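Novice: give me a 3D structure for the following:
(one chain, ligands or ions: 1)
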Amino acid sequence: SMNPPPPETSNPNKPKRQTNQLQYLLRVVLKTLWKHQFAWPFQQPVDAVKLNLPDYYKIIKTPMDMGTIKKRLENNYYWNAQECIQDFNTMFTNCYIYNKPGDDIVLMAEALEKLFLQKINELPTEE
Ligand SMILES: CNC(=O)c1[nH]c(C)c2c1CCCCC2=O
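Specialist: Residues are numbered from 1 along each chain as shown. Pasting the structure now:
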């Protein structure tokens, strides 16, 4: 019933690089999803105490949310775009695994994932 510590967003010993795909992931992908009318449930870790979801972290073992992804993109945590794409996919999958079909939260994730998939389809070639 308690919340875990949040995912890691800072690790000085992880090697980092600034690349055009990672810049696209922040400037196009994250920003597009973050401003959406359905973004709010995904802008921060699930607070299972205040939301009264005592079994959430019993089921979800790799929590992920766009607040964590945003901080990671600010902190160069991902060496490559596939790592950040994986974090978005984990966020959507957690929602589909935990909830029931047709719940509001699932409809919201699906609308964000539709936009995510379209933006990833146009991920630029590495420079
Ligand atoms: C403010 N955040 C929410 O309301 C929120 N965010 C997520 C990803 C969920 C919830 C509660 C609905 C059911 C659980 C769920 O997956």
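Novice: can we go C-alpha only for contacts and neighbour counts from here?
Specialist: Fine.
Novice: residue in the chain nearest to the ligand?
Specialist: With C-alpha to the nearest ligand atom as the measure, residue 41 is the residue of the chain nearest to the ligand, at 3.6 Å.
Novice: how about the residues of this structure near the ligand?
Specialist: Counting by C-alpha under 6 Å from any ligand atom, the residues of the chain close to the ligand are 41-42, 46, 95, 105.
Novice: could you dump those to CSV with secondary structure and neighbour count?
Specialist: Conversion of these to CSV gives the following (DSSP: H, G, I helix; E, B strand; the rest coil; neighbours: other C-alpha atoms under 10 Å):
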residue, secondary structure, neighbour count
41, helix, 13
42, helix, 22
46, coil, 19
95, helix, 20
105, helix, 16
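Novice: of these, which is the nearest to residue 68?
Specialist: The shortest distance between residue 68 and any of these, using C-alpha to C-alpha, involves residue 42 and amounts to 9.7 Å.
Novice: the closest one contacts residue 67, correct?
Specialist: Yes: using C-alpha atoms under 8 Å, residue 42 and residue 67 qualify as a contacting pair, with a distance of 7.4 Å.
Novice: mind listing what the residue of the chain positioned farthest from its centre touches?
Specialist: For the chain, the residue at maximal distance from the C-alpha centroid (C-alpha atoms, centre = their mean) is residue 127, at 24.9 Å. With contacts defined as C-alpha atoms under 8 Å, 6 or more residues apart in numbering, the neighbours of residue 127 are 19-20.
Novice: mind listing the strands for the protein?
Specialist: Ranges of strands in the chain, per DSSP state E: none exist.
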